[PDB]
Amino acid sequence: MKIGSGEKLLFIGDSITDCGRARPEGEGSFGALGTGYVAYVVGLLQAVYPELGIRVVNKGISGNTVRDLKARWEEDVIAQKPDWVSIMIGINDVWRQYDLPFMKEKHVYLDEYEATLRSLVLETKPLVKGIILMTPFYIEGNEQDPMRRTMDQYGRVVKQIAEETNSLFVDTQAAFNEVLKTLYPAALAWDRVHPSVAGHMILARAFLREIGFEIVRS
């Protein structure tokens, strides 16, 4: 287990992280953690490792890009004095390119995404025990679908930043890809982004694996 008792683990990202979490505090109660992978991660850890006295805070915000992360970083990350910070961002940075193709101001293109994401990592790195970088994902098994293709380029950036900064790394796309061998995307998410419970469980599983709790087939 990478995380120890008494440590504070903070999650940040977009709607996939948010999942209705309590604003602004994002702690004090699972209600407060929202109803997706963050809550699942906390619940699974309490069920299986109840002696691991970790404090968890959810600072996800629906709609956010990496630009939006940067704008709130000081208040929502640095000021919370976390020990561990998990980041999952990029879905919107990409999505907007595809759903609002002519609203170019809402697009965060790859060079800016990369640099800004790296900046957040390295502002945080000296202040914390560790960082977990989770890739964005798109629930689409065709690697040539334009938005899945773009997404994978963003995810490859995340992986490079993780390696460069010695952060922990979760490839959320690979976790989905395995299930997409079996299920059509709609079975997980109508819009290929916001998943069912099962999709949140895919996320929670992938996260937990990287912090040293690996849920496998019997």
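Note that residue numbering begins at 1 and tracks the sequence as displayed.
Mean CA temperature factor is higher for 47 to 55 when stretches 181 to 189 and 47 to 55 are set side by side in the entry. Stretch comparison (59 to 67 versus 25 to 33) by mean CA B-factor in the PDB entry places 25 to 33 on top. Looking only at 145, 114, 93, 105, the residue with the top Cα B factor in the deposited structure is 105.
Among all modelled residues in this chain, the alpha-carbon of residue 163 has a temperature factor (C-alpha) in the highest third.
In the PDB entry, a CA B factor belonging to the lowest third of its chain's modelled residues is recorded for residue 86. In the deposited entry, the Cα temperature factor of residue 119 sits in the middle third of values across the chain's modelled residues. Annotation for residue 130: C-alpha temperature factor in the middle third relative to the rest of the modelled chain, per the entry. In this PDB entry, the Cα temperature factor of residue 110 sits in the middle third of its chain's modelled residues.
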